[PDB]
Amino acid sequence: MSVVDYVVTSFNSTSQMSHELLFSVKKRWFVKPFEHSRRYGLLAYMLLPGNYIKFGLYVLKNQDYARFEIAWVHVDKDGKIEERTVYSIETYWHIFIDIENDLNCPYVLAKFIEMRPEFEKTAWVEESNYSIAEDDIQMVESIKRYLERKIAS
């Protein structure tokens, strides 16, 4: 079985926000959505068997609360998806809103916060350039370390 569908939530509101994007361990850059629906706050993907990483930020804008999670999303030979969080942290939303301006933030995490859906809009994977330095495994360690060192706050 080839291409399978995978939908993620992507929406910014006054009171909350849900930013979820996929990252191809293969191409080593964010997967491009084949469709996006503002009418629903979703992004759909036409994935081909392989390994992916799903980044997810969830915010309650009013309580300055922010939930960031890194999750492994593998697609079987015949389209059987199997996930598992590999990282989940609970912190402050204002913390991430700073990372945007920190050149010490890993490329993929910087881009991730950058692409975040604008108000009453969905996120948009820009057919982009560049080539992440490390593999997938190290990439997350760079995210982990950085975010935890940002504890400083």
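Quick note: we count residues from 1 along the sequence shown, nothing fancier.
- Looking at mean Cα B-factors across 19-27 and 139-147, the upper value is held by 139-147.
- Higher average CA B factor: 39-47, of the stretches 39-47 and 52-60.
- Of the candidates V125, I113, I89, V86, it is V125 whose Cα B-factor is highest according to the PDB record.
- Sort the modelled residues of the chain by CA B factor and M1 lands in the highest third.
- Residue-level temperature factors show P117 in the middle third of its chain, judged at the C-alpha atom.
- In this PDB entry, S10 carries a Cα temperature factor that places it within the lowest third of its chain's modelled residues.
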